[PDB]
């Protein structure tokens, strides 16, 4: 019956993970998975979350369906976070927002909405980018290409080429953009580059789709959202997928948001209604437990403030790891610039190591990265840092 069905290769990042677990090097370290670990190398449970969940468990309540858009408080928290509290765009009612099944789920609904209403649009992703972006869009029968982004030569951005690329695109074509904390490179646009980008986006009447999965891990909650807010100030029709997976340490509950910025309230209502309809077609409504956590933590002022602090500690710890890793490298290797390590933002780092060097890191030290050199900085901690930094010096010295 199902002889025609091909085997599924399996998630690539998961394929590596099997190999690491198998590895019997006592000193093995996994830096391959984009998961945040704390000082002790474990996934944290955030204090604010813990508190939110005790409230949810006290008392244990009936579990009616959430609305299709999810909880209003969840929606508002997304909005206030992304566009700023009582931002003009929100007080004008020009943002249609739904809770989603994580950032993935927001990408799916947004892509499906684009596919239905802008059937001609293509989508373009950064070269390189997070593998799942491509699957989600193509899974909607939207054609996906790549725009120039990362400059292998410099470690920077092929900014000129990227800009020239965008001018070739068709009206209503979609750009998948990372407002900060690029996955996998860590290399972000400066504000001035954002203004040029958004300028051409405006001129070419392209659709910007900002995926922000690490708000708070780059500069701060506001800064990380500059690209979003500047697109709003310019009056662009912006799609924003956001995820709480990382910054809430709530990967498994599937919490995120999708927001569509619209030129008029009436368009806001058309789009909101169609987002609902799209949700109804896929999974009907989002999960109550994850949504309640988001609702409680975003809208309780004491919990929100605690939560930002918790995110900033996670960001600060990742920044310390970057600094420490650079300090060892620059102390030990003269005449190579390692500023790109602290210039990069978020959880990810393109190390600049060649595939052969990544592989030698695996064999010789049991240290696991992606072949494109991507390292998750949160994998690093006080207990493994000197071992990893020193292994890296060795591989680069050969």
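Positions refer to the first chain, counted from 1. Between two forms, the rigid core is defined as the largest C-alpha subset superposing within 1.5 Å.
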Segment of greater CA departure in 5 other deposited structures of this protein, 356 to 364 or 60 to 68, core superposed: 356 to 364
Stretch farther from the shown model on average in 5 other deposited structures of this protein, with CA RMS computed after core superposition (322 to 330, 215 to 223): 322 to 330
Between the two ranges 100 to 108 and 317 to 325, the one averaging a larger CA B factor in the entry: 317 to 325
Mean C-alpha temperature factor, higher of 124 to 132 and 67 to 75: 124 to 132
Options 250, 301, 198, 240 - largest CA temperature factor per the record: 301
Out of 54, 61, 30, 349, highest CA B-factor residue: 30
Residue 91 by Cα B-factor - lowest, middle or highest third of the modelled chain: highest
Position of residue 46 among the chain's modelled residues by C-alpha B-factor, lowest, middle or highest third: lowest
Lowest, middle or highest third - CA B-factor, residue 255: lowest
Relative C-alpha B-factor of residue 246, binned into the chain's lowest, middle or highest third: lowest
Lowest, middle or highest third - CA B-factor, residue 184: middle
